[PDB]
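Note sheet for the following structure.
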Amino acid sequence: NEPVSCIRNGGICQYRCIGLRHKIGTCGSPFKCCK
């Protein structure tokens, strides 16, 4: 993928995210992109 996973943006990944955290995409499958 040219755009690479959401990690390229500099955000972090986690298995699950809570409302408090915001997700703009999915870092990976076993994790999600959240900040």
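To match Swiss-Prot, the residue numbers of chain A are left as they are there, and the shown ones run 26-60.
Positions of Cβ are set from backbone N, Cα and C atoms, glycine also.
The disulfide bond annotation in Swiss-Prot covers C31-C58, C38-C52, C42-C59 and rests on experimental evidence.
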Original post:
So, in DSSP terms, is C31 (disulfide bond) helix, strand, or coil?
Top reply: helix
Original post:
Across all chains shown, how many C-beta atoms besides its own are within 10 angstroms of the C-beta of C31 (disulfide bond)?
Top reply: 21
**OP:** To the nearest whole angstrom, state the Cα distance for the pair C42 (disulfide bond) and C58 (disulfide bond).
**Re:** 8
**OP:** Would you mind reading off the Cα separation of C59 (disulfide bond) from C38 (disulfide bond), to the nearest angstrom?
**Re:** 6
Original post:
Taking just the CA atoms, what is the gap between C58 (disulfide bond) and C52 (disulfide bond) in Å?
Top reply: 5
Original post:
From the Cα of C31 (disulfide bond) across to the Cα of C52 (disulfide bond), what is the distance in angstrom?
Top reply: 5
Original post:
Between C38 (disulfide bond) and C31 (disulfide bond), what C-alpha distance do you get in Å?
Top reply: 8
Original post:
When you measure from the Cβ of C59 (disulfide bond), how many other Cβ atoms are you left with inside 10 Å?
Top reply: 20
**OP:** Within 10 Å of the Cβ of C52 (disulfide bond), how many other Cβ atoms can you find? Include all protein chains, please.
**Re:** 19
